$ cat protein_14.cif   # mmCIF, C-alpha atoms
data_coords
loop_
_atom_site.label_atom_id
_atom_site.label_comp_id
_atom_site.auth_asym_id
_atom_site.auth_seq_id
_atom_site.Cartn_x
_atom_site.Cartn_y
_atom_site.Cartn_z
CA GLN U 247 61.53 -30.70 -31.82
CA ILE U 248 59.28 -27.63 -31.76
CA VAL U 249 56.29 -29.58 -30.46
CA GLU U 250 58.36 -31.51 -27.90
CA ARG U 251 60.00 -28.36 -26.52
CA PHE U 252 57.27 -25.70 -26.79
CA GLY U 253 54.24 -27.88 -26.07
CA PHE U 254 52.17 -25.96 -23.52
CA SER U 255 51.75 -23.06 -25.98
CA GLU U 256 48.54 -24.29 -27.59
CA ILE U 257 47.89 -20.94 -29.31
CA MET U 258 51.12 -20.94 -31.27
CA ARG U 259 50.89 -24.72 -31.67
CA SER U 260 47.70 -24.02 -33.63
CA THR U 261 49.63 -21.27 -35.42
CA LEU U 262 52.20 -23.96 -36.30
CA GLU U 263 49.45 -26.24 -37.61
CA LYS U 264 48.53 -23.26 -39.82
CA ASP U 265 52.13 -22.56 -40.88
CA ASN U 266 51.46 -23.44 -44.57
CA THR U 267 55.26 -23.54 -45.01
CA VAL U 268 57.02 -26.87 -44.35
CA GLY U 269 60.72 -27.57 -44.71
CA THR U 270 63.86 -25.90 -43.36
CA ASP U 271 65.03 -25.05 -46.88
CA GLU U 272 61.59 -23.66 -47.73
CA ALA U 273 61.69 -21.53 -44.57
CA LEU U 274 65.10 -20.14 -45.50
CA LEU U 275 63.85 -19.50 -49.04
CA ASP U 276 60.83 -17.57 -47.75
CA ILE U 277 62.94 -15.51 -45.33
CA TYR U 278 65.46 -14.64 -48.05
CA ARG U 279 62.89 -13.87 -50.75
CA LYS U 280 61.13 -11.53 -48.34
CA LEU U 281 63.89 -9.62 -46.56
CA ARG U 282 66.05 -9.43 -49.72
CA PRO U 283 63.79 -8.68 -52.69
CA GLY U 284 65.25 -8.54 -56.18
CA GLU U 285 68.01 -11.11 -55.68
CA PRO U 286 67.87 -14.79 -56.69
CA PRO U 287 67.92 -16.96 -53.56
CA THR U 288 70.48 -19.74 -53.28
CA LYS U 289 70.98 -22.64 -50.89
CA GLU U 290 73.99 -21.12 -49.11
CA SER U 291 73.14 -17.42 -49.43
CA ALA U 292 70.04 -17.85 -47.26
CA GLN U 293 71.99 -19.50 -44.44
CA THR U 294 74.88 -17.03 -44.63
CA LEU U 295 72.53 -14.03 -44.66
CA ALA A 99 64.44 14.13 -72.11
CA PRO A 100 61.09 15.11 -70.59
CA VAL A 101 60.60 14.65 -66.86
CA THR A 102 57.37 14.30 -64.92
CA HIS A 103 56.41 16.74 -62.18
CA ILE A 104 56.72 15.29 -58.68
CA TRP A 105 53.81 17.41 -57.43
CA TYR A 106 51.37 15.87 -59.92
CA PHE A 107 52.92 12.39 -59.83
CA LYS A 108 53.33 11.73 -56.09
CA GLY A 109 50.78 12.86 -53.52
CA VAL A 110 47.96 11.70 -51.29
CA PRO A 111 45.78 11.63 -54.41
CA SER A 112 47.69 10.87 -57.62
CA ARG A 113 46.51 13.46 -60.15
CA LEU A 114 48.34 11.80 -63.04
CA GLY A 115 47.17 8.39 -61.86
CA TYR A 116 43.55 9.50 -61.78
CA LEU A 117 43.92 11.16 -65.19
CA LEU A 118 45.44 8.07 -66.85
CA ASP A 119 43.48 5.45 -64.84
CA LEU A 120 46.79 4.01 -63.61
CA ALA A 121 47.69 3.03 -60.07
CA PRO A 122 50.60 4.85 -58.38
CA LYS A 123 52.74 1.69 -58.47
CA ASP A 124 52.31 1.43 -62.24
CA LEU A 125 52.99 5.15 -62.61
CA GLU A 126 56.22 4.85 -60.60
CA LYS A 127 57.34 1.78 -62.54
CA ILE A 128 56.72 3.51 -65.87
CA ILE A 129 58.30 6.83 -64.88
CA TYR A 130 61.43 5.51 -63.15
CA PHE A 131 62.39 3.15 -65.99
CA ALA A 132 61.42 -0.07 -64.21
CA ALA A 133 59.01 -1.53 -66.79
CA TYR A 134 57.37 -0.89 -70.16
CA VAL A 135 54.03 0.63 -71.17
CA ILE A 136 52.27 -0.05 -74.48
CA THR A 137 51.67 3.48 -75.76
CA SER A 138 49.50 2.51 -78.74
CA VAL A 139 48.30 -0.49 -80.75
CA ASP A 140 47.31 -0.65 -84.44
CA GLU A 141 43.94 -2.30 -83.86
CA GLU A 142 42.63 -2.20 -87.44
CA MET A 143 45.74 -3.55 -89.16
CA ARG A 144 46.33 -6.08 -86.36
CA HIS A 145 42.82 -7.48 -86.83
CA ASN A 146 43.31 -7.41 -90.61
CA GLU A 147 46.55 -9.43 -90.42
CA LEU A 148 45.56 -11.63 -87.46
CA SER A 149 45.02 -14.54 -89.87
CA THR A 150 48.60 -14.32 -91.11
CA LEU A 151 50.14 -13.89 -87.64
CA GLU A 152 48.05 -16.82 -86.42
CA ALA A 153 49.38 -18.87 -89.35
CA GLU A 154 52.96 -17.90 -88.44
CA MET A 155 52.39 -18.77 -84.78
CA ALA A 156 50.85 -22.09 -85.83
CA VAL A 157 53.81 -22.92 -88.07
CA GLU A 158 56.24 -21.99 -85.28
CA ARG A 159 54.32 -24.26 -82.91
CA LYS A 160 54.38 -26.99 -85.57
CA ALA A 161 58.16 -26.65 -85.90
CA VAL A 162 58.43 -26.87 -82.11
CA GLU A 163 56.36 -30.05 -82.26
CA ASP A 164 58.56 -31.61 -84.95
CA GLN A 165 61.75 -30.84 -83.03
CA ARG A 166 60.27 -32.18 -79.79
CA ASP A 167 59.21 -35.33 -81.64
CA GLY A 168 62.76 -35.59 -82.96
CA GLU A 169 63.99 -35.43 -79.37
CA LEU A 170 61.40 -38.10 -78.53
CA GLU A 171 62.75 -40.34 -81.31
CA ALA A 172 66.32 -39.72 -80.13
CA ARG A 173 65.36 -40.64 -76.56
CA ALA A 174 63.59 -43.76 -77.86
CA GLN A 175 66.82 -44.72 -79.64
CA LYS A 176 68.73 -44.08 -76.41
CA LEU A 177 66.26 -46.34 -74.60
CA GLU A 178 66.81 -48.98 -77.28
CA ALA A 179 70.57 -48.72 -76.73
CA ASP A 180 69.97 -49.09 -72.98
CA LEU A 181 67.87 -52.20 -73.67
CA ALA A 182 70.65 -53.62 -75.85
CA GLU A 183 73.29 -52.97 -73.18
CA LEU A 184 71.06 -54.18 -70.31
CA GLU A 185 68.78 -57.07 -71.33
CA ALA A 186 71.30 -58.80 -73.62
CA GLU A 187 73.79 -59.50 -70.79
CA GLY A 188 73.37 -61.12 -67.39
CA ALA A 189 72.73 -58.59 -64.62
CA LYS A 190 70.37 -57.80 -61.77
CA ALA A 191 66.85 -56.65 -62.58
CA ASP A 192 67.17 -53.69 -60.21
CA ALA A 193 70.57 -52.86 -61.73
CA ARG A 194 69.04 -52.85 -65.22
CA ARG A 195 66.07 -50.79 -63.99
CA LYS A 196 68.23 -48.16 -62.27
CA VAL A 197 69.49 -46.95 -65.66
CA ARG A 198 65.90 -47.09 -66.92
CA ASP A 199 64.78 -44.81 -64.08
CA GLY A 200 67.71 -42.46 -64.66
CA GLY A 201 66.83 -42.19 -68.33
CA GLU A 202 63.17 -41.70 -67.43
CA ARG A 203 64.02 -38.79 -65.13
CA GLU A 204 66.30 -37.28 -67.79
CA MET A 205 63.60 -37.38 -70.46
CA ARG A 206 60.87 -36.23 -68.07
CA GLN A 207 62.92 -33.16 -67.13
CA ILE A 208 63.63 -32.57 -70.84
CA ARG A 209 59.89 -32.74 -71.52
CA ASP A 210 59.23 -30.41 -68.58
CA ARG A 211 61.65 -27.89 -70.09
CA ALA A 212 59.79 -28.28 -73.38
CA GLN A 213 56.57 -27.59 -71.46
CA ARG A 214 58.06 -24.39 -70.02
CA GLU A 215 59.04 -23.33 -73.54
CA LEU A 216 55.47 -24.08 -74.67
CA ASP A 217 54.08 -21.99 -71.82
CA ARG A 218 56.35 -19.06 -72.67
CA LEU A 219 55.36 -19.23 -76.36
CA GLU A 220 51.66 -19.35 -75.49
CA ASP A 221 52.12 -16.45 -73.06
CA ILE A 222 53.82 -14.37 -75.77
CA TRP A 223 51.09 -15.10 -78.30
CA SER A 224 48.30 -14.37 -75.81
CA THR A 225 49.93 -11.11 -74.70
CA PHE A 226 50.05 -10.02 -78.33
CA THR A 227 46.44 -11.16 -78.81
CA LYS A 228 45.04 -9.10 -75.91
CA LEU A 229 47.48 -6.19 -76.11
CA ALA A 230 45.90 -2.87 -75.15
CA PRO A 231 47.05 0.75 -74.88
CA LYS A 232 48.44 2.06 -71.57
CA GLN A 233 49.03 -1.57 -70.56
CA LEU A 234 52.04 -2.15 -68.32
CA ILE A 235 54.35 -5.09 -69.01
CA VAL A 236 57.10 -6.08 -66.56
CA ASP A 237 59.88 -8.58 -67.40
CA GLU A 238 61.58 -6.79 -70.29
CA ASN A 239 62.42 -10.21 -71.77
CA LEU A 240 58.77 -10.42 -72.83
CA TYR A 241 59.02 -6.90 -74.26
CA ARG A 242 62.10 -7.88 -76.26
CA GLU A 243 60.32 -10.98 -77.58
CA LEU A 244 57.27 -8.93 -78.55
CA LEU I 343 70.34 21.16 -56.73
CA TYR I 344 70.47 23.32 -59.86
CA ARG I 345 74.08 22.26 -60.49
CA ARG I 346 73.13 18.60 -60.07
CA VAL I 347 70.28 18.98 -62.56
CA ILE I 348 72.55 20.78 -65.04
CA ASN I 349 75.24 18.11 -64.73
CA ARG I 350 72.78 15.26 -65.26
CA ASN I 351 71.16 16.96 -68.25
CA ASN I 352 74.51 17.75 -69.90
CA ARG I 353 75.78 14.21 -69.34
CA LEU I 354 72.56 12.76 -70.76
CA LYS I 355 72.72 14.92 -73.88
CA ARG I 356 76.39 14.01 -74.36
CA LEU I 357 75.57 10.31 -74.00
CA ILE I 358 72.72 10.44 -76.51
CA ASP I 359 74.86 12.44 -78.95
CA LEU I 360 77.82 10.05 -78.69
CA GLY I 361 75.80 6.83 -78.77
CA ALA I 362 75.49 4.72 -75.63
CA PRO I 363 73.81 1.46 -74.58
CA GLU I 364 70.11 1.81 -73.87
CA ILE I 365 70.55 0.70 -70.25
CA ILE I 366 73.15 3.42 -69.64
CA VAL I 367 70.91 6.01 -71.30
CA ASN I 368 67.95 4.86 -69.19
CA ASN I 369 70.03 5.06 -66.01
CA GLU I 370 71.07 8.61 -66.91
CA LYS I 371 67.45 9.56 -67.62
CA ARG I 372 66.38 8.10 -64.27
CA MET I 373 69.11 10.12 -62.54
CA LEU I 374 67.93 13.30 -64.27
CA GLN I 375 64.33 12.63 -63.23
CA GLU I 376 65.41 11.98 -59.64
CA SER I 377 67.41 15.22 -59.65
CA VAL I 378 64.40 17.19 -60.89
CA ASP I 379 62.17 15.64 -58.21
CA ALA I 380 64.81 16.42 -55.58
CA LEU I 381 64.95 20.04 -56.77
CA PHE I 382 61.17 20.42 -56.62
CA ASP I 383 60.18 18.30 -53.58
CA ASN I 384 63.28 16.96 -51.83
CA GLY I 385 62.58 13.82 -49.82
CA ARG I 386 59.11 13.29 -51.29
CA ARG I 387 60.19 10.00 -52.90
CA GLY I 388 62.93 7.91 -51.33
CA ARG I 389 65.59 9.25 -49.02
CA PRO I 390 66.31 12.98 -49.44
CA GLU R 206 64.95 -28.54 -53.84
CA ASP R 207 66.13 -26.99 -57.11
CA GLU R 208 63.50 -28.52 -59.43
CA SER R 209 59.73 -29.07 -59.51
CA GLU R 210 58.79 -25.36 -59.46
CA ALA R 211 60.50 -24.86 -56.10
CA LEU R 212 62.68 -21.78 -56.63
CA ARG R 213 61.99 -20.63 -60.21
CA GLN R 214 58.77 -18.86 -59.19
CA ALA R 215 60.64 -17.20 -56.31
CA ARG R 216 63.36 -16.03 -58.71
CA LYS R 217 60.76 -14.64 -61.13
CA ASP R 218 58.92 -12.83 -58.33
CA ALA R 219 62.21 -11.37 -57.09
CA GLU R 220 63.07 -10.21 -60.61
CA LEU R 221 59.64 -8.54 -60.71
CA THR R 222 60.34 -6.16 -57.84
CA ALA R 223 60.33 -2.37 -57.68
CA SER R 224 63.71 -1.84 -55.94
CA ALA R 225 62.89 1.80 -55.28
CA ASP R 226 66.53 2.70 -54.62
CA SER R 227 68.04 3.96 -57.88
CA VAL R 228 71.49 2.52 -57.18
CA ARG R 229 69.99 -0.85 -56.22
CA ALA R 230 67.92 -0.84 -59.42
CA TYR R 231 71.02 -0.04 -61.47
CA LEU R 232 72.89 -2.90 -59.79
CA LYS R 233 69.99 -5.25 -60.56
CA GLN R 234 70.09 -4.13 -64.20
CA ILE R 235 73.88 -4.52 -64.37
CA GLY R 236 73.68 -8.02 -62.91
CA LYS R 237 71.90 -9.45 -65.96
CA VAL R 238 75.02 -9.67 -68.19
CA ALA R 239 77.59 -12.43 -67.75
CA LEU R 240 81.31 -11.73 -67.65
CA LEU R 241 83.68 -12.40 -70.55
CA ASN R 242 87.23 -13.69 -71.00
CA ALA R 243 90.18 -13.27 -73.35
CA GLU R 244 88.67 -15.17 -76.29
CA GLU R 245 85.35 -13.32 -75.98
CA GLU R 246 87.00 -9.90 -75.82
CA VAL R 247 89.35 -10.56 -78.75
CA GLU R 248 86.44 -11.81 -80.87
CA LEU R 249 84.46 -8.71 -79.91
CA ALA R 250 87.43 -6.50 -80.83
CA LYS R 251 87.65 -8.26 -84.20
CA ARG R 252 83.96 -7.51 -84.74
CA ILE R 253 84.59 -3.86 -83.79
CA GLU R 254 87.43 -3.63 -86.30
CA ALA R 255 85.28 -5.16 -89.05
CA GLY R 256 82.39 -2.81 -88.30
CA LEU R 257 84.60 0.28 -88.25
CA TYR R 258 86.28 -0.77 -91.51
CA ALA R 259 82.87 -1.26 -93.14
CA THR R 260 81.63 2.11 -91.87
CA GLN R 261 84.75 3.83 -93.22
CA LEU R 262 84.26 2.13 -96.59
CA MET R 263 80.61 3.24 -96.68
CA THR R 264 81.59 6.82 -95.83
CA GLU R 265 84.23 6.77 -98.57
CA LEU R 266 81.75 5.38 -101.12
CA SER R 267 79.05 7.91 -100.15
CA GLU R 268 80.81 10.63 -102.17
CA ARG R 269 82.82 9.78 -105.29
CA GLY R 270 81.77 6.14 -105.14
CA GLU R 271 79.49 3.76 -107.01
CA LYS R 272 75.79 2.96 -106.89
CA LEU R 273 75.93 0.01 -104.50
CA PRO R 274 73.36 -2.71 -105.28
CA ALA R 275 71.29 -4.40 -102.61
CA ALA R 276 73.60 -7.43 -102.49
CA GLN R 277 76.71 -5.27 -102.06
CA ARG R 278 75.07 -2.95 -99.50
CA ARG R 279 73.23 -5.42 -97.24
CA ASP R 280 76.51 -7.11 -96.28
CA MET R 281 78.04 -3.77 -95.27
CA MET R 282 74.95 -2.82 -93.27
CA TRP R 283 74.86 -6.21 -91.53
CA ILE R 284 78.52 -6.14 -90.53
CA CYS R 285 78.19 -2.54 -89.29
CA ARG R 286 75.21 -3.51 -87.14
CA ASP R 287 77.10 -6.57 -85.87
CA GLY R 288 80.04 -4.38 -84.88
CA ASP R 289 77.81 -1.91 -83.05
CA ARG R 290 76.05 -4.78 -81.25
CA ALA R 291 79.40 -6.25 -80.22
CA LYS R 292 80.49 -2.86 -78.88
CA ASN R 293 77.30 -2.61 -76.82
CA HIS R 294 77.83 -6.16 -75.53
CA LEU R 295 81.38 -5.33 -74.43
CA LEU R 296 80.15 -2.16 -72.72
CA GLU R 297 77.48 -4.05 -70.78
CA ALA R 298 80.03 -6.73 -69.86
CA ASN R 299 82.56 -4.23 -68.48
CA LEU R 300 80.06 -2.03 -66.62
CA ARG R 301 80.74 -4.25 -63.59
CA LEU R 302 84.43 -3.33 -63.69
CA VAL R 303 83.29 0.28 -64.08
CA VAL R 304 81.20 0.25 -60.90
CA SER R 305 83.83 -1.71 -58.97
CA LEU R 306 86.42 0.94 -59.86
CA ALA R 307 84.05 3.83 -59.16
CA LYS R 308 83.07 2.58 -55.69
CA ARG R 309 86.36 3.95 -54.30
CA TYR R 310 85.70 7.68 -54.85
CA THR R 311 82.41 8.05 -52.96
CA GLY R 312 81.92 10.34 -49.98
CA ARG R 313 83.37 13.55 -51.44
CA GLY R 314 82.06 15.99 -54.03
CA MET R 315 79.60 14.00 -56.14
CA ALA R 316 77.27 11.03 -55.75
CA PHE R 317 77.72 7.32 -56.37
CA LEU R 318 75.50 7.36 -59.47
CA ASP R 319 77.41 10.32 -60.93
CA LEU R 320 80.68 8.45 -60.37
CA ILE R 321 79.17 5.38 -62.05
CA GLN R 322 78.09 7.37 -65.10
CA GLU R 323 81.54 8.94 -65.37
CA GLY R 324 82.92 5.40 -65.25
CA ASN R 325 80.65 4.42 -68.15
CA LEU R 326 81.90 7.43 -70.12
CA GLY R 327 85.49 6.39 -69.46
CA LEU R 328 84.67 2.82 -70.47
CA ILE R 329 83.17 4.07 -73.74
CA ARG R 330 86.35 6.04 -74.40
CA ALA R 331 88.52 3.01 -73.59
CA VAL R 332 86.47 0.76 -75.88
CA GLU R 333 86.85 3.33 -78.65
CA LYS R 334 90.62 3.50 -78.07
CA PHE R 335 91.19 -0.20 -77.33
CA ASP R 336 93.67 -2.27 -79.35
CA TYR R 337 93.51 -6.07 -79.15
CA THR R 338 96.69 -6.55 -81.20
CA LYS R 339 98.78 -5.72 -78.12
CA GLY R 340 97.58 -9.00 -76.60
CA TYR R 341 96.54 -7.47 -73.28
CA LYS R 342 93.58 -8.10 -71.01
CA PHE R 343 90.89 -5.45 -71.36
CA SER R 344 90.63 -4.60 -67.65
CA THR R 345 94.24 -3.40 -67.37
CA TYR R 346 93.78 -0.92 -70.22
CA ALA R 347 90.27 0.18 -69.25
CA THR R 348 91.24 0.90 -65.64
CA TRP R 349 93.40 3.85 -66.69
CA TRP R 350 90.64 5.40 -68.81
CA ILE R 351 87.98 4.87 -66.13
CA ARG R 352 90.24 6.45 -63.50
#
$ encode --input "protein_14.cif" --output "structure tokens"
Amino acid sequence: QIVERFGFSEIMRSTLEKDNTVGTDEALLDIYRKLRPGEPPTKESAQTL
Amino acid sequence: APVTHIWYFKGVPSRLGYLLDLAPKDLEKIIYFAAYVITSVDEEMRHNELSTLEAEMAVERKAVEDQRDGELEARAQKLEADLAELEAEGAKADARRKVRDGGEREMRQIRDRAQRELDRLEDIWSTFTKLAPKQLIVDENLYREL
Amino acid sequence: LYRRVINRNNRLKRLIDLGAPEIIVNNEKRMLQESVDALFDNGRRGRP
Amino acid sequence: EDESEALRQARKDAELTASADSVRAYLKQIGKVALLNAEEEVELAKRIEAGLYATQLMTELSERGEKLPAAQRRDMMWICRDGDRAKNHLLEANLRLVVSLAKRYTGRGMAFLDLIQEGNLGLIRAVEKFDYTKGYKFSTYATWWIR
């Protein structure tokens, strides 16, 4: 979906190819573990936060 | 209880940090009760008794090995029971292999947990082996084990 | 600030005299240290 | 997922975090003890009673007593230590009730941490003055002492 919608942006398309973080759940895990240090991430806590 | 001086603890240069060869993060963690610091180690007596502590660690590892082999024998008996309940009666090959795969995943995760226990035991023993003064240890569970 | 430091020190000494869990004692000691740092250099570490 | 070293390393890294705020650090420390129930608290109270009885017997035997051998003294020492450990366990279990009660008095006079420590003192007093024989949940009795 990202590549089909935002396709002209070659610079951030290359950034995407260098994302080194695949998966929606992995993305939520990274966001939670960064913005909320010290707490154990869960499947639903990431989405609700 | 004694309290450190903020002037000599926090600053553009850390005077206490330079004196003790400790980074400001380690100094803050030690001072504000966030981690542990090994104040001193009995080097001579530790080296003298290292044979005996190594023997105790080896016997603990041996006991771990016997109990994990007992779990292996129990899982082999469970696999034998699965074979008795699967191959002795008419059923689909995929149906009889689904339970095999479920058992395989159960015992592989059990063995993975055993591997994590092995890693924690080796980490504890190594941390004791290379313990040094003024060394910071986080994760107070390791401190309690030590 | 002086009253805060006195209160924390008195509470800590009472806790250690009575016998308290080590985590409670450590929290009290951390509070006393923070109070001393606030008295000397307020706002140097953390929010003032 | 939940397995294959997916979130355990993240949990460990989160547990190894500074948490520079003192109140946040105290909450992180207080979050490491699981809650109890009626059976757990009555067993802990039984252990407290046994430890206190053993300590009283030891104090009585200290003067005008008998030379206690190792076999007769190690049991007393072990049960006393077990009682003290059970008391500490109950304290660490109920610290969450302490902070929940103490959250309501912030904003006037003293600080949140001071209120928390006063709550711990009240909890210690309640644990000392608790009585399981009444068949009552611990929170109802400890709330009055904390307040």
$ interface_residues --input "protein_14.cif" --of "chain I" --to "chain A" --cutoff "10 Å" --atoms "all atoms listed in the file" --output "PDB file with C-alpha atoms, keeping the file's coordinate frame"
ATOM      1  CA  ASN I 351      71.160  16.960 -68.250  1.00  0.00           C
ATOM      2  CA  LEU I 354      72.560  12.760 -70.760  1.00  0.00           C
ATOM      3  CA  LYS I 355      72.720  14.920 -73.880  1.00  0.00           C
ATOM      4  CA  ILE I 365      70.550   0.700 -70.250  1.00  0.00           C
ATOM      5  CA  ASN I 368      67.950   4.860 -69.190  1.00  0.00           C
ATOM      6  CA  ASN I 369      70.030   5.060 -66.010  1.00  0.00           C
ATOM      7  CA  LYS I 371      67.450   9.560 -67.620  1.00  0.00           C
ATOM      8  CA  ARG I 372      66.380   8.100 -64.270  1.00  0.00           C
ATOM      9  CA  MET I 373      69.110  10.120 -62.540  1.00  0.00           C
ATOM     10  CA  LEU I 374      67.930  13.300 -64.270  1.00  0.00           C
ATOM     11  CA  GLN I 375      64.330  12.630 -63.230  1.00  0.00           C
ATOM     12  CA  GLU I 376      65.410  11.980 -59.640  1.00  0.00           C
ATOM     13  CA  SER I 377      67.410  15.220 -59.650  1.00  0.00           C
ATOM     14  CA  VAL I 378      64.400  17.190 -60.890  1.00  0.00           C
ATOM     15  CA  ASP I 379      62.170  15.640 -58.210  1.00  0.00           C
ATOM     16  CA  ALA I 380      64.810  16.420 -55.580  1.00  0.00           C
ATOM     17  CA  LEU I 381      64.950  20.040 -56.770  1.00  0.00           C
ATOM     18  CA  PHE I 382      61.170  20.420 -56.620  1.00  0.00           C
ATOM     19  CA  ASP I 383      60.180  18.300 -53.580  1.00  0.00           C
ATOM     20  CA  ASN I 384      63.280  16.960 -51.830  1.00  0.00           C
ATOM     21  CA  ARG I 386      59.110  13.290 -51.290  1.00  0.00           C
ATOM     22  CA  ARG I 387      60.190  10.000 -52.900  1.00  0.00           C
TER      23      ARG I 387
END
$ resolve_selection --input "protein_14.cif" --expression "the PyMOL selection byres ((chain R and resi 351) around 8)" --output "PyMOL selection string"
chain R and resi 303+306+323-328+331+347-350+352
$ atom_distance --input "protein_14.cif" --atom1 "CA of residue 213 (chain A)" --atom2 "CA of residue 223 (chain R)"
29.0 Å
$ interface_residues --input "protein_14.cif" --of "chain U" --to "chain R" --cutoff "10 Å" --atoms "all atoms listed in the file" --output "ChimeraX atom specification"
/U:271-272,275-276,278-280,282-289
$ atom_distance --input "protein_14.cif" --atom1 "CA of residue 349 (chain I)" --atom2 "CA of residue 301 (chain R)"
23.1 Å
$ resolve_selection --input "protein_14.cif" --expression "the PyMOL selection byres ((chain U and resi 248-250) around 12)" --output "PDB file with C-alpha atoms, in the coordinates of the input"
ATOM      1  CA  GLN U 247      61.530 -30.700 -31.820  1.00  0.00           C
ATOM      2  CA  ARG U 251      60.000 -28.360 -26.520  1.00  0.00           C
ATOM      3  CA  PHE U 252      57.270 -25.700 -26.790  1.00  0.00           C
ATOM      4  CA  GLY U 253      54.240 -27.880 -26.070  1.00  0.00           C
ATOM      5  CA  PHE U 254      52.170 -25.960 -23.520  1.00  0.00           C
ATOM      6  CA  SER U 255      51.750 -23.060 -25.980  1.00  0.00           C
ATOM      7  CA  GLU U 256      48.540 -24.290 -27.590  1.00  0.00           C
ATOM      8  CA  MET U 258      51.120 -20.940 -31.270  1.00  0.00           C
ATOM      9  CA  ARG U 259      50.890 -24.720 -31.670  1.00  0.00           C
ATOM     10  CA  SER U 260      47.700 -24.020 -33.630  1.00  0.00           C
ATOM     11  CA  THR U 261      49.630 -21.270 -35.420  1.00  0.00           C
ATOM     12  CA  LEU U 262      52.200 -23.960 -36.300  1.00  0.00           C
ATOM     13  CA  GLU U 263      49.450 -26.240 -37.610  1.00  0.00           C
TER      14      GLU U 263
END
$ interface_residues --input "protein_14.cif" --of "chain R" --to "chain I" --cutoff "10 Å" --atoms "all atoms listed in the file" --output "list in words"
residues 225, 226, 227, 228, 230, 231, 234, 235, 289, 290, 292, 293, 294, 296, 297, 300, 315, 316, 318, 319, 321, 322, 323, 325, 326 and 329 of chain R
$ write_last_selection --input "protein_14.cif" --atoms "C-alpha atoms" --output "mmCIF file, in the frame of the given file"
data_model
loop_
_atom_site.group_PDB
_atom_site.id
_atom_site.type_symbol
_atom_site.label_atom_id
_atom_site.label_comp_id
_atom_site.auth_asym_id
_atom_site.auth_seq_id
_atom_site.Cartn_x
_atom_site.Cartn_y
_atom_site.Cartn_z
ATOM 1 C CA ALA R 225 62.890 1.800 -55.280
ATOM 2 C CA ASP R 226 66.530 2.700 -54.620
ATOM 3 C CA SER R 227 68.040 3.960 -57.880
ATOM 4 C CA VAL R 228 71.490 2.520 -57.180
ATOM 5 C CA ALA R 230 67.920 -0.840 -59.420
ATOM 6 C CA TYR R 231 71.020 -0.040 -61.470
ATOM 7 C CA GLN R 234 70.090 -4.130 -64.200
ATOM 8 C CA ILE R 235 73.880 -4.520 -64.370
ATOM 9 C CA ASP R 289 77.810 -1.910 -83.050
ATOM 10 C CA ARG R 290 76.050 -4.780 -81.250
ATOM 11 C CA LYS R 292 80.490 -2.860 -78.880
ATOM 12 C CA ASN R 293 77.300 -2.610 -76.820
ATOM 13 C CA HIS R 294 77.830 -6.160 -75.530
ATOM 14 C CA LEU R 296 80.150 -2.160 -72.720
ATOM 15 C CA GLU R 297 77.480 -4.050 -70.780
ATOM 16 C CA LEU R 300 80.060 -2.030 -66.620
ATOM 17 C CA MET R 315 79.600 14.000 -56.140
ATOM 18 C CA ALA R 316 77.270 11.030 -55.750
ATOM 19 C CA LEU R 318 75.500 7.360 -59.470
ATOM 20 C CA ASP R 319 77.410 10.320 -60.930
ATOM 21 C CA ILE R 321 79.170 5.380 -62.050
ATOM 22 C CA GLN R 322 78.090 7.370 -65.100
ATOM 23 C CA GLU R 323 81.540 8.940 -65.370
ATOM 24 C CA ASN R 325 80.650 4.420 -68.150
ATOM 25 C CA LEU R 326 81.900 7.430 -70.120
ATOM 26 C CA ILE R 329 83.170 4.070 -73.740
#
$ atom_distance --input "protein_14.cif" --atom1 "CA of residue 358 (chain I)" --atom2 "CA of residue 332 (chain R)"
16.8 Å
$ closest_residue --input "protein_14.cif" --among "A:235, A:173, A:185, A:227" --to "residue 203 (chain A)" --atoms "only C-alpha atoms"
A:173
$ axis_aligned_box --input "protein_14.cif" --around "region 253-264 of chain U" --padding-each-side "5 Å" --output "lines of an AutoDock Vina configuration file"
center_x = 51.0
center_y = -24.4
center_z = -31.7
size_x = 16.5
size_y = 16.9
size_z = 26.3
$ residues_near_point --input "protein_14.cif" --point "(48.4, -5.1, -84.8)" --cutoff "12 Å" --atoms "only C-alpha atoms" --output "ChimeraX atom specification"
/A:138-152,225-231,244
$ resolve_selection --input "protein_14.cif" --expression "the PyMOL selection byres ((chain A) within 10 of (chain R))" --output "ChimeraX atom specification"
/A:123-124,126-127,130-133,207,210,236-238
$ residues_around --input "protein_14.cif" --residues "residue 216 (chain A)" --least-positions-apart "2" --cutoff "12 Å" --atoms "all atoms listed in the file" --output "MDAnalysis selection string"
chainID A and resid 155 158:163 166 209:214 218:223
$ residues_around --input "protein_14.cif" --residues "residue 338 (chain R)" --least-positions-apart "4" --cutoff "12 Å" --atoms "all atoms listed in the file" --output "ChimeraX atom specification"
/R:246-248,250-251,254,342-343
